[PDB]
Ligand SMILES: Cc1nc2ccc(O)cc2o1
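Just one chain follows, in the form deposited without 2-methyl-1,3-benzoxazol-6-ol, and it is written as structure tokens.
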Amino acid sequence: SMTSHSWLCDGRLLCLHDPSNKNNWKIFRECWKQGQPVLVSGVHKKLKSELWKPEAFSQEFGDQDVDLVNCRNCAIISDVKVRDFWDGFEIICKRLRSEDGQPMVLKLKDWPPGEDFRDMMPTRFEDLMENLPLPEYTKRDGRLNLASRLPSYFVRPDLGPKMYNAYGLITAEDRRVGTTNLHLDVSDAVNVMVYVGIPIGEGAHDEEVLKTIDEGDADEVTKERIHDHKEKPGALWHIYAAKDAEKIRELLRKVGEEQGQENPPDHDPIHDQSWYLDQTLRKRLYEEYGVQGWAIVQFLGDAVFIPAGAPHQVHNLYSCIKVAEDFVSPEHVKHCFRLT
């Protein structure tokens, strides 16, 4: 039967089932006030699916100049055409290659650039903004979005949305690597998976995806979404409570020292955005510091709600297109205040 919601992460994570249910807020707000992330499924079914394909982005915008990042080693690939990224999104043998002759796992950096998303893509913008879940929190003018309502004593988010476009990580070695390293944001965000590209060429990569999710510490209810409903999984997230950030900094300072980094006792390994917590570091965080995370698999059409100040990392399993809107909820407004 259709239900309003379910739980993932053994009851620690709310999953809302209907993105346009006008009563979602009553369930949402109790979980959110406690600083938990929230998942809303089914957003893809509300969108104009033809607007969110990699072929359309290449055809319409292929001639713009951009930089990419090699996810395996962090190297910048400078001043290439945005078609060089998109045409290899799903066809492996079209990807830029590294010195070793392997097809590279790439991230498109800052595209569309800064705040130009609405000017460059006004139909996409309309399609996203009209279908975001919890609209009183997430729309630019929502009754519970304080973004446009706060003085300069608060850090206000840039006008979005932001696009996050990147290939999936492939091999056993890539299991220890991030699409996006551990970092925190001073605003709230809703991040929506609008497209998951399962490749072809080396299209027999189904089994390393299960070992990544398994070793990623994903729950049994989450593994059932693959094997029973055949939903497409895009990315593996780890998110931590805002209250645990300083314990995460102490660990990463200790591990820096152990690896002979030379860093002042004050420097911020979260703000550096230089760490991905692999199974070894996540186990050590739990055991030595008492800190437990939420391991979240974002499928096509899942919306991930990210509490302000909450450290998070993402590991794309397959090539992903996602779009995120920043907002400022009353529940978390402390995290963007500039005093005390």
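Position 1 is the first residue in the sequence shown; the rest follow in order.
Only in words, not in the display: the form solved in complex with 2-methyl-1,3-benzoxazol-6-ol, which the text now covers.
This chain lacks the partner; the member of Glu250, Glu215, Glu115, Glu231 within 4.5 angstroms of 2-methyl-1,3-benzoxazol-6-ol in the entry with it bound by a non-hydrogen atom is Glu231. Checked against 2-methyl-1,3-benzoxazol-6-ol in the entry with it bound, the residues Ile198, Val80, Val255, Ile91 give one hit for a heavy atom within 4.5 Å, which is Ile198. Contact annotation for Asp158: none of its heavy atoms lies within 4.5 Å of 2-methyl-1,3-benzoxazol-6-ol in the entry with it bound. Although the partner is absent here, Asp206 lies within 4.5 Å of 2-methyl-1,3-benzoxazol-6-ol in the entry with it bound, judged by heavy atoms. This chain is displayed without 2-methyl-1,3-benzoxazol-6-ol, yet in the entry with it bound the stretch 223-231 from 223-231, 144-152, 116-124, 259-267 comes within 4.5 Å of it by heavy atoms.
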